[PDB]
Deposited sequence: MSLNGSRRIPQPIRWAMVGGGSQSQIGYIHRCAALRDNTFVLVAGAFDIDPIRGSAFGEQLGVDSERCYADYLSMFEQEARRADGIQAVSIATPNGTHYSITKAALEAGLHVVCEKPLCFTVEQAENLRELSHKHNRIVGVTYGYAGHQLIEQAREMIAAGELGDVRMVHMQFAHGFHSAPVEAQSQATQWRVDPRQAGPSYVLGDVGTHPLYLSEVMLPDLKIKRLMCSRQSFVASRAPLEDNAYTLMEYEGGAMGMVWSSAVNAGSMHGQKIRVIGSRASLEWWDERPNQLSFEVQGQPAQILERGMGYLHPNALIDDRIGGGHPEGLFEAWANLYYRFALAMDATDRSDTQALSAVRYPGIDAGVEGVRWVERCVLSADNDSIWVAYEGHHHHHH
């Protein structure tokens, strides 16, 4: 991309951790350039924030509607917008952006219902604009390594996919942890095993902090994949003592792979009957696709900020290919798009249906 994509944010204002990483990622390597935004419901502190960031005073709109309409009149108007507002606003804001002919990057989750998600998807195709979803963990290079090893048959036939995102920060929309954290490792499995398809699943959710009912702060999701493989997802915000605990273990007939988000730069490779191995980010034995995004030599620890930059970069590549109508270039870019968004919403929906019905199996 010869030039930075004219960008803007909705939300992600003062003291927003989420907004900060979005900006770091998007502006990394000047892939995007923040030229406008609706940073706060509070108009005064919205412009005060936008200006410290160097955003022109007249482009620190009071809301997303005014921003979209006014920007449409500028030859230098925004081309894409990132949404970091509350979950219940995601559907309406993403809908507007698309109708405005803008590329979108929406913070998880896309929306609350499958219907809404399918509506947004029809619009993205109608307006020919991408809708990326922030499954930022997929930006870590080793996730690519796993994908390549599995496709190359290094694990043999896949038998199980054990996932979990269980932290304890809350030991003291249709769901809470299922949508807030469960979907992250679920998307990682999508990247690692793109051909695996869910046939049916059951879920058991609890509200250990009672006042949270009906929203769950803990959940178990058991899945049956077409072909015989099994899947398990443990979602939690009450796993006391856990700093994050997002892990995915893929088990095959020949070996297993295991990745942990708190140790992003190492990937466990366990061949049955052989010594366990630890693969390191940036090493020459890695598949080429797992090396392209390295920003520093192996041994030097990269982090989540790098992963998000890698993710935002792919978003940029997708938008660009979509704009130049370069069918070939778009097919070569893998990113969390509208389909991943739809699936995230559907998985949660199926899980809630099962859980509300005493954990019955439900077709996917």
Ranges missing from the model, given as deposited sequence positions: 1-8, 181-198, 391-398
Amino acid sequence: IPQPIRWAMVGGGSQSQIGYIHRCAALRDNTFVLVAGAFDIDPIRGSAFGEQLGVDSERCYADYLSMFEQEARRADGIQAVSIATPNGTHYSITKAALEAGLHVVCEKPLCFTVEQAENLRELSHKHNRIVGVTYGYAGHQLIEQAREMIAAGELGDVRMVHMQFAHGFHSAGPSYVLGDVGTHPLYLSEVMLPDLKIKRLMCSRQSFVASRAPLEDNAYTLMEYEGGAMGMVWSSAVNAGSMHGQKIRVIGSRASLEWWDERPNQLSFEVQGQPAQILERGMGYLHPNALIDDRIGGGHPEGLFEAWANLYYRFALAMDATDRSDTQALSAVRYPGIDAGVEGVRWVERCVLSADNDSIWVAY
From here on, numbers count along this sequence of modelled residues.
145-153 versus 251-259 - greater average Cα B-factor per the deposited record: 145-153
133-141 versus 77-85 - greater average Cα B-factor per the deposited record: 77-85
Selection by C-alpha B-factor (highest) of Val33, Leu304, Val55, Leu311: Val55
Residue selected from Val342, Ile18, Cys24, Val348 by maximal Cα B factor: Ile18
Chain third (lowest, middle, highest) by recorded CA B-factor, residue given as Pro214: highest
Record-listed C-alpha B factor of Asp294: chain third: middle
Among modelled residues of the same chain, the CA temperature factor third for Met243: lowest
Chain thirds of CA B-factor: placement of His184: lowest
Chain-wide C-alpha B factor ranking for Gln116, given as lowest, middle or highest third: highest
